[PDB]
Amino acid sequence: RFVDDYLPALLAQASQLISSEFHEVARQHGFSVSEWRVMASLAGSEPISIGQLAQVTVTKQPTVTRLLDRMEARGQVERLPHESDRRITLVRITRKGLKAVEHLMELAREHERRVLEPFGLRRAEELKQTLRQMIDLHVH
């Protein structure tokens, strides 16, 4: 069976199954899943470009920009001009956004701890290191 060991299919199924478990949580706290991805990606970060935000949130850039339009209207994020290149817009979370997402982030950490507990610390750290190295080799 081709699909049983094919890496992209394994990554996509593991990602969908683990993420879908947290969806209910995010929505019960009043967040859409994409709002959660944006605010969790910006929490504790210096301002990043729209393109960087689109990559880390695995969301298409036009979709990200419409999302930021409403999140900025609600005071949860802010878009800012870039240092030199003004082809580039930066984005950051505001204090209001951080306060809105902090509890959900603790719940996310607890859920992640549960997902990783059966694997033990060595296998969990190996998995995270491999995924980080793959991202850094394939990001454009």
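Counting begins at 1, following the sequence as shown. By rigid core we mean the largest C-alpha set that fits within 1.5 Å across both forms.
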Report summary line: Note: with structures superposed on the core, the stretch whose C-alphas sit farther off in 8 other deposited structures of this protein, 23 to 31 or 95 to 103, is 23 to 31
Requested in this report: Would you please confirm whether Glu83 lacks atomic coordinates in a third or more of the other entries that were compared?
Outcome: yes
Report summary line: When mean C-alpha B-factors in the record are compared for 86 to 94 and 110 to 118, the larger belongs to 86 to 94
Report summary line: Once average C-alpha B-factors are taken from the entry for 54 to 62 and 40 to 48, the winner is 40 to 48
**Report entry** Residue with highest C-alpha B-factor in the PDB entry, from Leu131, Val25, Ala9, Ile18
**Finding:** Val25
Requested in this report: Report the third (lowest, middle or highest) to which the CA temperature factor of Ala73 belongs, ranking only the modelled residues of the same chain.
Outcome: middle
